[PDB]
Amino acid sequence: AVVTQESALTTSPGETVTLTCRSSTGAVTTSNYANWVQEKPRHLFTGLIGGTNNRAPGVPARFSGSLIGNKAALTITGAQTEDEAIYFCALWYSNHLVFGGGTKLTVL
């Protein structure tokens, strides 16, 4: 199962931006438990959201999860300069996880 996304996006400081996470098998449901992780430079990973829309403790509330159409999504409402980083998602198939290509967000 290949996990398609957008290759890269570009938001301004203050504007809203919507990342996505398509599945090849079909539409993304709540059974997939769509995960999200932010890789800042120097190999610094930090899990933002998982189980579709349930945020982790310590994660900014600007990051939010939902199911827009046939894909999961990570809406960063009010993008910061520190948000400039890659964003991998991860859908669950019933027995394992599968990561996607990643989306290099670049904040001007």
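In this text, residue numbers run from 1 along the sequence as written.
As listed in the deposited structure, the average C-alpha B-factor of 80-88 and of 20-28 is greater for 20-28. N53: CA B factor in the highest third of modelled residues in this chain (values from the PDB entry). The PDB entry assigns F63 a C-alpha temperature factor belonging to the lowest third of its chain's modelled residues.
When the modelled residues of the chain are ordered by C-alpha B-factor, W36 sits in the lowest third.
In this PDB entry, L74 carries a Cα temperature factor that places it within the lowest third of its chain's modelled residues.
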